[PDB]
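Student: Sharing final-v4.tsv, TSV, C-alpha atoms and all ligand atoms:
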```tsv
chain	number	residue	atom	x	y	z
H	1	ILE	CA	-14.42	62.13	-23.31
H	2	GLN	CA	-16.85	59.23	-23.18
H	3	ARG	CA	-16.04	56.04	-25.04
H	4	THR	CA	-18.45	53.22	-25.65
H	5	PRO	CA	-17.52	49.54	-24.79
H	6	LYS	CA	-16.30	46.84	-27.17
H	7	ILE	CA	-17.69	43.36	-26.40
H	8	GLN	CA	-16.03	40.02	-27.37
H	9	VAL	CA	-17.28	36.49	-26.31
H	10	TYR	CA	-15.27	33.28	-26.72
H	11	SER	CA	-14.75	29.81	-25.30
H	12	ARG	CA	-11.40	28.52	-23.91
H	13	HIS	CA	-11.70	25.10	-25.59
H	14	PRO	CA	-13.66	23.89	-28.64
H	15	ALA	CA	-17.27	22.97	-27.82
H	16	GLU	CA	-17.96	19.34	-27.03
H	17	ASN	CA	-21.54	18.92	-25.85
H	18	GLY	CA	-21.70	17.56	-22.30
H	19	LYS	CA	-18.11	18.54	-21.35
H	20	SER	CA	-17.03	21.32	-18.94
H	21	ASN	CA	-15.38	24.42	-20.48
H	22	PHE	CA	-14.94	28.21	-19.73
H	23	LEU	CA	-17.02	31.05	-21.22
H	24	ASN	CA	-15.32	34.47	-21.39
H	25	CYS	CA	-16.54	38.05	-21.94
H	26	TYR	CA	-13.85	40.72	-22.60
H	27	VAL	CA	-15.12	44.34	-22.27
H	28	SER	CA	-12.70	47.05	-23.37
H	29	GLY	CA	-12.29	50.61	-24.57
H	30	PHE	CA	-14.95	52.18	-22.23
H	31	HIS	CA	-15.00	55.43	-20.25
H	32	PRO	CA	-16.27	56.26	-17.64
H	33	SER	CA	-15.69	53.07	-15.54
H	34	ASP	CA	-19.20	52.69	-14.08
H	35	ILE	CA	-20.59	49.54	-15.84
H	36	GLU	CA	-22.91	46.49	-15.34
H	37	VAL	CA	-21.82	43.11	-16.85
H	38	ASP	CA	-23.77	39.83	-16.87
H	39	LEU	CA	-23.49	36.39	-18.44
H	40	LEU	CA	-26.84	34.79	-19.20
H	41	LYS	CA	-27.94	31.15	-19.58
H	42	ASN	CA	-31.16	31.21	-21.63
H	43	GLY	CA	-31.56	34.92	-20.92
H	44	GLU	CA	-31.48	34.50	-17.15
H	45	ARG	CA	-28.56	35.74	-15.04
H	46	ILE	CA	-25.72	33.54	-13.84
H	47	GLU	CA	-24.79	33.76	-10.16
H	48	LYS	CA	-21.13	33.58	-9.03
H	49	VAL	CA	-19.26	34.90	-12.10
H	50	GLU	CA	-15.71	36.21	-11.42
H	51	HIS	CA	-13.75	39.12	-12.95
H	52	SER	CA	-10.36	40.72	-13.18
H	53	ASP	CA	-9.34	43.75	-11.17
H	54	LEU	CA	-10.21	46.99	-12.99
H	55	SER	CA	-7.39	48.28	-15.19
H	56	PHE	CA	-6.79	50.76	-18.08
H	57	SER	CA	-4.79	51.06	-21.36
H	58	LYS	CA	-2.36	53.72	-22.62
H	59	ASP	CA	-5.22	55.77	-24.09
H	60	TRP	CA	-6.85	55.86	-20.60
H	61	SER	CA	-9.81	53.58	-21.52
H	62	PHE	CA	-10.89	50.77	-19.19
H	63	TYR	CA	-11.06	46.98	-19.67
H	64	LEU	CA	-12.40	43.97	-17.75
H	65	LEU	CA	-12.45	40.18	-18.12
H	66	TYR	CA	-15.57	38.26	-16.95
H	67	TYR	CA	-15.57	34.40	-16.91
H	68	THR	CA	-17.36	31.26	-15.52
H	69	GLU	CA	-17.45	27.40	-15.82
H	70	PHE	CA	-20.08	26.02	-18.17
H	71	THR	CA	-21.13	22.84	-19.95
H	72	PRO	CA	-22.48	23.53	-23.46
H	73	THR	CA	-25.50	21.56	-24.73
H	74	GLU	CA	-27.17	20.91	-28.08
H	75	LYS	CA	-29.97	23.34	-27.23
H	76	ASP	CA	-28.60	25.83	-24.57
H	77	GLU	CA	-28.23	29.54	-25.38
H	78	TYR	CA	-25.31	31.55	-23.74
H	79	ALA	CA	-24.74	35.35	-23.94
H	80	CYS	CA	-23.19	38.46	-22.40
H	81	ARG	CA	-25.33	41.51	-21.48
H	82	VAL	CA	-23.67	44.94	-20.89
H	83	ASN	CA	-25.05	48.31	-19.67
H	84	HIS	CA	-23.13	51.62	-19.84
H	85	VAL	CA	-24.15	55.33	-19.85
H	86	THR	CA	-23.03	55.56	-23.54
H	87	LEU	CA	-25.86	53.12	-24.55
H	88	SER	CA	-29.53	54.01	-25.22
H	89	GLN	CA	-30.28	50.44	-24.04
H	90	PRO	CA	-28.39	47.34	-22.75
H	91	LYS	CA	-26.46	45.40	-25.38
H	92	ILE	CA	-26.44	41.56	-25.69
H	93	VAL	CA	-23.76	39.44	-27.42
H	94	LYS	CA	-24.57	35.76	-28.11
H	95	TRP	CA	-21.83	33.05	-28.08
H	96	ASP	CA	-21.95	30.98	-31.25
H	97	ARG	CA	-19.54	28.12	-31.63
H	98	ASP	CA	-19.74	28.61	-35.39
D	1	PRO	CA	9.31	47.08	-24.41
D	2	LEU	CA	8.52	45.73	-20.82
D	3	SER	CA	7.59	48.17	-18.02
D	4	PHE	CA	6.40	48.16	-14.41
D	5	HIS	CA	3.72	50.57	-13.16
D	6	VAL	CA	1.40	51.48	-10.33
D	7	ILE	CA	-2.04	52.79	-11.09
D	8	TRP	CA	-4.62	54.79	-9.09
D	9	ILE	CA	-8.30	55.06	-9.94
D	10	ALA	CA	-10.46	57.57	-8.03
D	11	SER	CA	-14.08	58.30	-8.81
D	12	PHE	CA	-16.40	60.92	-7.41
D	13	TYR	CA	-19.89	59.51	-8.20
D	14	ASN	CA	-21.74	61.84	-5.69
D	15	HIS	CA	-21.29	64.20	-2.76
D	16	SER	CA	-22.08	61.07	-0.65
D	17	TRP	CA	-20.22	58.56	-2.85
D	18	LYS	CA	-16.66	57.70	-3.95
D	19	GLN	CA	-14.27	54.79	-4.66
D	20	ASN	CA	-10.52	54.50	-5.01
D	21	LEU	CA	-8.25	51.61	-6.02
D	22	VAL	CA	-4.47	51.24	-6.19
D	23	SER	CA	-2.53	48.35	-7.76
D	24	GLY	CA	0.79	47.34	-9.45
D	25	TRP	CA	1.34	45.80	-12.90
D	26	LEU	CA	4.18	44.17	-14.88
D	27	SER	CA	2.71	44.89	-18.34
D	28	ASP	CA	-0.50	42.80	-18.58
D	29	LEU	CA	0.13	40.77	-15.42
D	30	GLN	CA	-1.15	42.11	-12.06
D	31	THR	CA	1.32	41.70	-9.11
D	32	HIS	CA	0.16	43.96	-6.22
D	33	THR	CA	-3.03	45.32	-4.54
D	34	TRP	CA	-3.63	47.78	-1.73
D	35	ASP	CA	-6.09	46.46	0.90
D	36	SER	CA	-7.80	49.43	2.67
D	37	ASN	CA	-9.89	47.41	5.17
D	38	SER	CA	-6.57	46.56	6.97
D	39	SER	CA	-4.29	49.15	5.30
D	40	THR	CA	-1.56	46.93	3.80
D	41	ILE	CA	0.10	45.79	0.56
D	42	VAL	CA	-0.93	42.45	-0.93
D	43	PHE	CA	1.61	40.30	-2.81
D	44	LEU	CA	-0.23	38.24	-5.45
D	45	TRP	CA	2.79	36.02	-6.29
D	46	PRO	CA	5.62	34.68	-4.01
D	47	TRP	CA	8.16	36.61	-6.22
D	48	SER	CA	6.17	39.89	-5.81
D	49	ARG	CA	8.69	40.92	-3.12
D	50	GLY	CA	11.53	41.02	-5.66
D	51	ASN	CA	14.83	41.63	-3.88
D	52	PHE	CA	13.40	43.95	-1.15
D	53	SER	CA	13.38	43.37	2.62
D	54	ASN	CA	10.53	43.61	5.11
D	55	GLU	CA	12.12	46.75	6.53
D	56	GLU	CA	11.74	48.56	3.21
D	57	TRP	CA	8.27	47.17	2.37
D	58	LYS	CA	7.23	48.45	5.81
D	59	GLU	CA	8.36	51.96	4.86
D	60	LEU	CA	6.66	51.70	1.49
D	61	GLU	CA	3.42	50.80	3.43
D	62	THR	CA	3.56	53.94	5.65
D	63	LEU	CA	3.87	55.93	2.45
D	64	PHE	CA	0.86	54.57	0.58
D	65	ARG	CA	-1.23	54.77	3.75
D	66	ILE	CA	-0.57	58.50	4.01
D	67	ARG	CA	-0.66	59.50	0.34
D	68	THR	CA	-3.83	57.77	-0.86
D	69	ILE	CA	-5.93	59.42	1.85
D	70	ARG	CA	-4.31	62.87	1.65
D	71	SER	CA	-4.48	62.81	-2.15
D	72	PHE	CA	-8.05	61.57	-2.12
D	73	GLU	CA	-9.25	63.97	0.59
D	74	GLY	CA	-7.56	66.95	-1.06
D	75	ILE	CA	-8.91	66.50	-4.60
D	76	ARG	CA	-12.41	66.64	-3.05
D	77	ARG	CA	-11.75	70.04	-1.38
D	78	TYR	CA	-9.90	71.57	-4.35
D	79	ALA	CA	-12.69	70.44	-6.73
D	80	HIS	CA	-14.93	73.49	-6.42
D	81	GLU	CA	-12.11	75.91	-7.39
D	82	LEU	CA	-10.59	73.70	-10.12
D	83	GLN	CA	-14.16	73.50	-11.45
D	84	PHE	CA	-14.24	69.67	-11.53
D	85	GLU	CA	-17.92	68.75	-11.94
D	86	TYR	CA	-19.81	65.73	-10.51
D	87	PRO	CA	-19.49	63.03	-11.55
D	88	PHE	CA	-15.78	62.85	-12.53
D	89	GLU	CA	-12.82	60.46	-12.51
D	90	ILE	CA	-9.04	60.81	-11.87
D	91	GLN	CA	-6.40	58.39	-13.16
D	92	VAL	CA	-2.66	58.09	-12.51
D	93	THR	CA	0.10	55.79	-13.78
D	94	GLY	CA	3.78	55.82	-12.88
D	95	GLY	CA	6.78	53.52	-13.00
D	96	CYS	CA	9.51	52.81	-15.52
D	97	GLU	CA	10.84	50.57	-18.31
D	98	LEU	CA	13.69	48.71	-19.99
D	99	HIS	CA	14.95	48.71	-23.59
D	100	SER	CA	17.18	45.66	-24.27
D	101	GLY	CA	17.88	44.74	-20.62
D	102	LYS	CA	18.92	48.22	-19.39
D	103	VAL	CA	16.71	50.84	-17.69
D	104	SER	CA	15.41	53.42	-20.08
D	105	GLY	CA	13.25	55.97	-18.25
D	106	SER	CA	10.51	56.71	-15.78
D	107	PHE	CA	7.16	58.48	-16.05
D	108	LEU	CA	4.24	59.77	-13.98
D	109	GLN	CA	1.12	61.03	-15.78
D	110	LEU	CA	-2.30	62.12	-14.60
D	111	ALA	CA	-5.70	62.25	-16.37
D	112	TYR	CA	-9.06	63.93	-15.84
D	113	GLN	CA	-12.24	62.57	-17.52
D	114	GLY	CA	-10.29	60.16	-19.75
D	115	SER	CA	-7.84	62.74	-21.18
D	116	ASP	CA	-4.23	63.83	-20.46
D	117	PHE	CA	-4.17	66.60	-17.83
D	118	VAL	CA	-0.73	66.83	-16.07
D	119	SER	CA	2.65	65.02	-15.91
D	120	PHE	CA	5.70	64.94	-13.61
D	121	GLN	CA	9.05	65.56	-15.40
D	122	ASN	CA	12.46	66.79	-14.29
D	123	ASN	CA	11.30	67.24	-10.66
D	124	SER	CA	8.26	69.42	-11.41
D	125	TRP	CA	4.57	69.22	-12.30
D	126	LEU	CA	3.78	70.27	-15.90
D	127	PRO	CA	0.52	71.23	-17.63
D	128	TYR	CA	-0.74	69.55	-20.79
D	129	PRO	CA	-1.29	72.11	-23.61
D	130	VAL	CA	-4.89	71.29	-24.66
D	131	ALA	CA	-6.18	70.93	-21.09
D	132	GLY	CA	-6.18	74.70	-20.57
D	133	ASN	CA	-6.30	77.00	-17.51
D	134	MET	CA	-7.61	74.49	-14.96
D	135	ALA	CA	-4.49	72.38	-15.55
D	136	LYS	CA	-2.23	75.40	-14.88
D	137	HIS	CA	-3.92	76.10	-11.49
D	138	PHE	CA	-3.57	72.46	-10.57
D	139	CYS	CA	0.21	72.58	-11.20
D	140	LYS	CA	0.48	75.86	-9.24
D	141	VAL	CA	-0.94	73.95	-6.31
D	142	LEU	CA	1.11	70.73	-6.74
D	143	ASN	CA	4.47	72.53	-6.97
D	144	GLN	CA	4.02	74.50	-3.68
D	145	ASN	CA	5.18	71.57	-1.57
D	146	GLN	CA	8.81	71.12	-2.69
D	147	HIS	CA	9.37	68.52	0.02
D	148	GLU	CA	6.74	66.15	-1.30
D	149	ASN	CA	8.06	66.56	-4.83
D	150	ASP	CA	11.56	65.33	-3.81
D	151	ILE	CA	9.96	62.22	-2.37
D	152	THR	CA	7.99	61.63	-5.61
D	153	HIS	CA	11.22	62.14	-7.57
D	154	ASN	CA	13.12	59.61	-5.41
D	155	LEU	CA	10.49	56.91	-6.05
D	156	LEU	CA	10.73	57.37	-9.83
D	157	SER	CA	14.46	57.95	-9.97
D	158	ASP	CA	15.87	55.43	-7.46
D	159	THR	CA	13.33	53.00	-5.94
D	160	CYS	CA	11.69	51.95	-9.20
D	161	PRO	CA	14.75	50.95	-11.31
D	162	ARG	CA	16.09	48.78	-8.50
D	163	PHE	CA	12.67	47.21	-8.07
D	164	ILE	CA	12.03	46.10	-11.67
D	165	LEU	CA	15.40	44.32	-12.10
D	166	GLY	CA	14.74	42.56	-8.79
D	167	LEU	CA	11.17	41.66	-9.73
D	168	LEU	CA	12.12	40.26	-13.14
D	169	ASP	CA	14.96	38.06	-12.01
D	170	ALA	CA	12.84	36.79	-9.10
D	171	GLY	CA	9.95	35.99	-11.49
D	172	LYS	CA	12.35	34.31	-14.03
D	173	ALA	CA	10.78	30.85	-13.93
D	174	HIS	CA	7.21	32.09	-14.38
D	175	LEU	CA	7.78	34.71	-17.15
D	176	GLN	CA	10.21	32.64	-19.28
D	177	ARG	CA	7.95	29.55	-19.32
D	178	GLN	CA	6.53	28.10	-22.59
D	179	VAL	CA	2.95	26.78	-23.13
D	180	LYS	CA	1.74	25.01	-26.36
D	181	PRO	CA	-1.48	26.13	-28.10
D	182	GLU	CA	-4.33	24.02	-29.42
D	183	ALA	CA	-6.23	24.91	-32.63
D	184	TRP	CA	-9.53	24.21	-34.40
D	185	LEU	CA	-11.56	25.41	-37.43
D	186	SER	CA	-15.16	26.68	-37.88
D	187	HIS	CA	-17.57	28.58	-40.13
D	188	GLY	CA	-17.87	32.35	-39.61
D	189	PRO	CA	-20.64	34.67	-40.91
D	190	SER	CA	-21.27	34.57	-44.67
D	191	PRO	CA	-20.16	37.75	-46.45
D	192	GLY	CA	-22.86	37.26	-49.19
D	193	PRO	CA	-24.35	34.74	-51.64
D	194	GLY	CA	-21.81	32.28	-53.20
D	195	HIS	CA	-19.19	33.00	-50.45
D	196	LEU	CA	-18.03	31.60	-47.11
D	197	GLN	CA	-15.93	32.75	-44.17
D	198	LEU	CA	-13.36	30.33	-42.76
D	199	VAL	CA	-12.31	30.80	-39.13
D	200	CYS	CA	-9.27	29.30	-37.45
D	201	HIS	CA	-8.99	29.56	-33.62
D	202	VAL	CA	-5.65	29.42	-31.74
D	203	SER	CA	-5.75	29.32	-27.91
D	204	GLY	CA	-3.79	28.59	-24.76
D	205	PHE	CA	-0.41	29.99	-25.85
D	206	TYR	CA	2.35	31.65	-23.83
D	207	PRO	CA	4.37	33.77	-24.48
D	208	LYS	CA	2.43	36.23	-26.66
D	209	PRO	CA	4.22	36.30	-30.07
D	210	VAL	CA	2.48	33.87	-32.51
D	211	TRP	CA	2.12	33.35	-36.33
D	212	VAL	CA	-0.99	32.02	-38.08
D	213	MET	CA	-1.81	31.98	-41.80
D	214	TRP	CA	-4.26	30.41	-44.31
D	215	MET	CA	-2.39	28.43	-47.03
D	216	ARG	CA	-2.76	26.64	-50.38
D	217	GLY	CA	0.18	24.27	-50.23
D	218	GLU	CA	3.28	26.48	-49.91
D	219	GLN	CA	1.37	29.57	-51.09
D	220	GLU	CA	0.26	31.99	-48.31
D	221	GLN	CA	-3.23	33.43	-48.69
D	222	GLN	CA	-2.93	37.20	-48.35
D	223	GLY	CA	-6.65	37.60	-47.62
D	224	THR	CA	-5.90	36.26	-44.09
D	225	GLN	CA	-7.14	38.76	-41.44
D	226	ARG	CA	-6.17	38.19	-37.86
D	227	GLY	CA	-8.08	39.69	-34.90
D	228	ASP	CA	-7.06	40.94	-31.44
D	229	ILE	CA	-5.07	38.83	-29.02
D	230	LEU	CA	-7.50	38.32	-26.11
D	231	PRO	CA	-6.88	37.19	-22.54
D	232	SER	CA	-8.02	34.03	-20.88
D	233	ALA	CA	-8.64	33.62	-17.14
D	234	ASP	CA	-5.60	31.26	-16.54
D	235	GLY	CA	-2.87	33.64	-17.95
D	236	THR	CA	-2.55	32.22	-21.55
D	237	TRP	CA	-3.76	33.93	-24.80
D	238	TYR	CA	-6.39	33.52	-27.62
D	239	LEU	CA	-6.66	34.58	-31.34
D	240	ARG	CA	-8.79	34.07	-34.48
D	241	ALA	CA	-7.62	34.32	-38.11
D	242	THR	CA	-10.26	34.48	-40.91
D	243	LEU	CA	-10.58	34.13	-44.71
D	244	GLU	CA	-13.39	34.86	-47.14
D	245	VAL	CA	-13.57	32.68	-50.27
D	246	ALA	CA	-15.90	31.87	-53.17
D	247	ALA	CA	-17.35	28.48	-52.23
D	248	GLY	CA	-16.31	26.70	-55.48
D	249	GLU	CA	-12.72	27.56	-54.53
D	250	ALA	CA	-12.53	26.34	-50.88
D	251	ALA	CA	-10.93	22.91	-51.47
D	252	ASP	CA	-7.21	22.29	-50.57
D	253	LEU	CA	-7.13	25.07	-47.92
D	254	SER	CA	-5.25	24.72	-44.64
D	255	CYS	CA	-4.39	26.81	-41.53
D	256	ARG	CA	-0.80	26.73	-40.27
D	257	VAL	CA	0.49	27.73	-36.81
D	258	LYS	CA	4.05	28.62	-35.65
D	259	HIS	CA	4.96	29.35	-32.02
D	260	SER	CA	8.08	29.15	-29.84
D	261	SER	CA	6.61	26.33	-27.70
D	262	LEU	CA	6.30	23.93	-30.64
D	263	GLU	CA	10.06	23.39	-31.07
D	264	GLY	CA	9.94	23.41	-34.90
D	265	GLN	CA	6.77	21.23	-35.46
D	266	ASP	CA	4.09	23.55	-36.90
D	267	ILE	CA	0.41	22.81	-36.29
D	268	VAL	CA	-1.49	22.27	-39.56
D	269	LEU	CA	-5.29	21.83	-40.00
D	270	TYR	CA	-7.06	20.95	-43.30
D	271	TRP	CA	-10.49	22.34	-44.33
N	301	LIG	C1	18.08	44.48	-6.30
N	301	LIG	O1	18.61	44.33	-7.62
N	301	LIG	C2	19.28	45.48	-8.17
N	301	LIG	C3	19.74	45.16	-9.61
N	301	LIG	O2	21.02	44.51	-9.73
N	301	LIG	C4	21.13	43.67	-10.92
N	301	LIG	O3	20.05	42.76	-11.15
N	301	LIG	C5	19.85	41.82	-10.11
N	301	LIG	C6	18.64	40.96	-10.40
N	301	LIG	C7	21.11	40.96	-10.00
N	301	LIG	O4	21.27	40.30	-11.23
N	301	LIG	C8	22.33	41.82	-9.74
N	301	LIG	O5	23.48	41.02	-9.78
N	301	LIG	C9	22.42	42.88	-10.82
N	301	LIG	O6	23.46	43.75	-10.46
N	301	LIG	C10	20.46	45.98	-7.30
N	301	LIG	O7	20.96	47.23	-7.76
N	301	LIG	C11	22.25	47.19	-8.45
N	301	LIG	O8	23.38	46.96	-7.61
N	301	LIG	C12	24.58	46.77	-8.33
N	301	LIG	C13	25.66	46.28	-7.37
N	301	LIG	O9	25.38	44.97	-6.93
N	301	LIG	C14	24.98	48.08	-9.00
N	301	LIG	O10	26.22	47.94	-9.71
N	301	LIG	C15	23.83	48.56	-9.90
N	301	LIG	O11	24.05	49.89	-10.32
N	301	LIG	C16	22.52	48.53	-9.12
N	301	LIG	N1	21.43	48.97	-9.97
N	301	LIG	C17	20.61	49.99	-9.67
N	301	LIG	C18	20.82	50.74	-8.38
N	301	LIG	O12	19.69	50.31	-10.43
N	301	LIG	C19	20.01	46.11	-5.84
N	301	LIG	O13	21.14	46.39	-5.02
N	301	LIG	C20	19.20	44.89	-5.33
N	301	LIG	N2	18.65	45.06	-3.98
N	301	LIG	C21	17.91	46.12	-3.61
N	301	LIG	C22	17.27	46.14	-2.26
N	301	LIG	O14	17.74	47.09	-4.32
```
Could the structure of this file be written out as structure tokens, please?
Tutor:
Amino acid sequence: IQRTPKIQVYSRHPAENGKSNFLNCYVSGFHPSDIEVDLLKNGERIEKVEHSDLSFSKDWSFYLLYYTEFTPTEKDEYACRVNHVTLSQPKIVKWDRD
Amino acid sequence: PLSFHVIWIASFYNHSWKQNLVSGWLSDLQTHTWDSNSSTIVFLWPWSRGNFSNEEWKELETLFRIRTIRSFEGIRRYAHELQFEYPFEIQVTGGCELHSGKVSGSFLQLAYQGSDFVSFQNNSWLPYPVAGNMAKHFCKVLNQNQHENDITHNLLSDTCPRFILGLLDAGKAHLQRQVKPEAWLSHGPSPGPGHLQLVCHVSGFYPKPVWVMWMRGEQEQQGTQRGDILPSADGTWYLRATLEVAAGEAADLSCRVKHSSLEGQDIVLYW
């Protein structure tokens, strides 16, 4: 089987412009395990983002957590871009506080 | 439900290319890694040793050294005959569990390309019905070495039950701790003209069991839909609970939260 990824973005604390916080990107339910994950600030990559060790669920599908420090601003755009063999092109998921 | 298990992930990208990774888990929480560069076990928490001595951990290290290479090297050479085709992945999980504070059973299951392939039960390797003839051949091969099967059976039968009681009591003060959530409200996506979506975020809680509901006074709103419980990098958990309402009828709504950390005082936010 091949399974396509599920992508969820969320912040650790409520947004308060100008205050440090943590942006997360949970990627789950995919197979095979070969995958590329990025977090973008204004559509450009973010260096030094960390992630959990690769693991799988009881139905054999894989999941990862990706996260990084960030300071949200009135006008800054944050997202999560994922590529996987199941996808005809890379998929982007924007973080919206509302 | 709580269990402990070891997993193994092996991938055969190319003829020139391959990766393998071994690690231990106590449900969601990682506790062990295998470090090939130096060929040793890595304890992620001070209580990852449980009630086991250096002597025994030493013997457990000899074992993983030998098995991960042998197993890895031998799936590559048996591939052509088993008709495994590039690229392909192999997955294994094994360990055991407790129901109400007593040991319940052990397991050891193996998967090919994301699907059940073979399992180890009552001292023997067994084929999975829908996998077909390639899974039979694989068991034929794996049962030849009776010696190595008795070793596999003594890990599942004896070493693993002793380990999990030792791990759990040693990790007492980390696993039984209590951490209070925070909460906040926001607009979600509009379901259509004249209507809104109310979202209520709960985050930072531990342990995992939580209760969250939209309310009108004492009356619970049964349109409340809660999402997945999602992980956060520090070990605590996150959840959203949503409600769709006609916009004329959004006044006097509140979100209420109950959790074991709060000691009776529920969190309550007003829209
Ligand atoms: C590691 O611990 C196990 C489990 O023992 C129980 O849980 C412990 C945390 C502690 O609370 C003990 O007092 C409990 O007995 C030990 O295995 C048990 O040994 C007792 C005798 O002391 C025996 O009656 C049980 O059957 C054993 N349970 C088994 C074998 O599953 C074990 O001896 C400890 N040390 C090591 C290295 O294994």
Student: Within 6 Å of chain H, which residues of chain D are there when counting all atoms listed in the file? Please give them as a count of residues only.
Tutor: 4
Student: Nearest to ligand LIG 301 (chain N): which of D:175, D:103, D:210, D:108 is it, counting all atoms listed in the file?
Tutor: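 Smallest separation from ligand LIG 301 (chain N) among the options: D:103.
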Student: Could you list the protein, DNA and RNA residues that have any atom within 9 Å of ligand LIG 301 (chain N), counting only C-alpha atoms and all ligand atoms, and write them as a ChimeraX atom specification?
Tutor: /D:50-53,56,103,158-170
Student: Could you check how far CA of residue 84 in chain D sits from CA of residue 134 in chain D, in Å to one decimal?
Tutor: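 Straight-line distance from CA of residue 84 in chain D to CA of residue 134 in chain D works out to 8.9 Å.
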Student: Dig up all the protein and nucleic acid residues within 7 Å of (2.2, 28.1, -26.6) in the file frame, using all atoms listed in the file, and format them as an mmCIF file with C-alpha atoms, keeping the file's coordinate frame.
Tutor:
```cif
data_model
loop_
_atom_site.group_PDB
_atom_site.id
_atom_site.type_symbol
_atom_site.label_atom_id
_atom_site.label_comp_id
_atom_site.auth_asym_id
_atom_site.auth_seq_id
_atom_site.Cartn_x
_atom_site.Cartn_y
_atom_site.Cartn_z
ATOM 1 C CA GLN D 178 6.530 28.100 -22.590
ATOM 2 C CA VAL D 179 2.950 26.780 -23.130
ATOM 3 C CA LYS D 180 1.740 25.010 -26.360
ATOM 4 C CA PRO D 181 -1.480 26.130 -28.100
ATOM 5 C CA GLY D 204 -3.790 28.590 -24.760
ATOM 6 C CA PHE D 205 -0.410 29.990 -25.850
ATOM 7 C CA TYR D 206 2.350 31.650 -23.830
ATOM 8 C CA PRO D 207 4.370 33.770 -24.480
ATOM 9 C CA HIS D 259 4.960 29.350 -32.020
ATOM 10 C CA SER D 260 8.080 29.150 -29.840
ATOM 11 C CA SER D 261 6.610 26.330 -27.700
#
```
Student: Would you save range 26-62 of chain H to a file, keeping C-alpha atoms, as an mmCIF file, in the first residue's frame?
Tutor:
```cif
data_model
loop_
_atom_site.group_PDB
_atom_site.id
_atom_site.type_symbol
_atom_site.label_atom_id
_atom_site.label_comp_id
_atom_site.auth_asym_id
_atom_site.auth_seq_id
_atom_site.Cartn_x
_atom_site.Cartn_y
_atom_site.Cartn_z
ATOM 1 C CA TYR H 26 2.639 17.197 12.508
ATOM 2 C CA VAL H 27 2.843 14.848 9.469
ATOM 3 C CA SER H 28 1.089 11.503 9.852
ATOM 4 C CA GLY H 29 -0.497 8.553 8.082
ATOM 5 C CA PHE H 30 2.101 8.296 5.227
ATOM 6 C CA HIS H 31 3.747 5.293 3.541
ATOM 7 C CA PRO H 32 6.443 4.839 2.267
ATOM 8 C CA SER H 33 8.704 6.796 4.715
ATOM 9 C CA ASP H 34 10.768 8.744 2.167
ATOM 10 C CA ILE H 35 9.583 12.397 2.619
ATOM 11 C CA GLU H 36 10.765 16.073 2.460
ATOM 12 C CA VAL H 37 9.416 18.531 5.112
ATOM 13 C CA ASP H 38 10.037 22.293 5.344
ATOM 14 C CA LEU H 39 8.786 25.240 7.358
ATOM 15 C CA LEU H 40 8.764 28.506 5.427
ATOM 16 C CA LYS H 41 8.920 32.162 6.520
ATOM 17 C CA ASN H 42 7.459 34.210 3.654
ATOM 18 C CA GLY H 43 7.866 31.244 1.307
ATOM 19 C CA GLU H 44 11.595 30.889 1.943
ATOM 20 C CA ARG H 45 13.046 27.927 3.844
ATOM 21 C CA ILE H 46 13.941 27.998 7.529
ATOM 22 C CA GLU H 47 17.372 26.672 8.495
ATOM 23 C CA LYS H 48 17.877 24.651 11.717
ATOM 24 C CA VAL H 49 14.422 23.086 12.242
ATOM 25 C CA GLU H 50 14.354 19.972 14.503
ATOM 26 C CA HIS H 51 12.240 16.785 14.346
ATOM 27 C CA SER H 52 11.282 13.673 16.221
ATOM 28 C CA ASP H 53 12.793 10.283 15.551
ATOM 29 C CA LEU H 54 10.851 8.394 12.857
ATOM 30 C CA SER H 55 8.091 6.195 14.271
ATOM 31 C CA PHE H 56 4.912 4.333 13.116
ATOM 32 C CA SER H 57 1.329 3.578 14.308
ATOM 33 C CA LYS H 58 -0.575 0.290 14.708
ATOM 34 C CA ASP H 59 -1.729 0.405 11.068
ATOM 35 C CA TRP H 60 1.970 0.598 9.991
ATOM 36 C CA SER H 61 1.788 4.242 8.745
ATOM 37 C CA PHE H 62 4.524 6.726 9.632
#
```
